[PDB]
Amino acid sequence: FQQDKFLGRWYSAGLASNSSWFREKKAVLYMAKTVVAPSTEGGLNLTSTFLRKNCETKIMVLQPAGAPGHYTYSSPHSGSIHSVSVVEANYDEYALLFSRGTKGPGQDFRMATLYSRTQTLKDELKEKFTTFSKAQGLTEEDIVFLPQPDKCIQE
């Protein structure tokens, strides 16, 4: 994993989870544009522009986790820490991320995220994503391919 090659513009195209938050705000989520650039500690700054209630921007800081392609993230839409890993990536096409956390014994969710350099997604990729998600205890009702906002991602 060459972190430098993973900088620049990405589109979030796939999301698979079992979190409470996702189990509800699911239908409401669209594809977001995420620009990746270095963080202070040698990690990654993720600046995303997304559609929320018909246009917003937030920055998430991925702190380095001791090995290349491994990171941690603080409290997103919930209040926990996330262990993020790059399952597989082609810096010119896509990246399959896996995030895991736990609010405590018997309280552990998983989140699979598929980022893409383009807004269109090839079936082969959808399948890879489908497969990974199903190996991690997620089913179809968990897997969602984010809609292309006809707005808050180009402008």
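Start at 1 and count along the sequence shown; that's the residue number.
Unmodelled residues of the deposited sequence between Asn54 and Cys55: 1 to 3. Taking the mean C-alpha B-factor of each stretch as recorded, 96 to 104 and 24 to 32 are not equal, and the higher mean is that of 24 to 32.
Per the deposited record, the Cα B-factor of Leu138 falls in the highest third when ranked against the other modelled residues of its chain. Annotation for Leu62: C-alpha temperature factor in the lowest third relative to the rest of the modelled chain, per the entry. When the CA B factors of the chain's modelled residues are split into thirds, the value for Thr49 lands in the middle one. In this PDB entry, the Cα temperature factor of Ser12 sits in the bottom third of its chain's modelled residues, the lowest group. Ranked by Cα temperature factor within the chain, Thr72 sits in the lowest third according to the deposited record.
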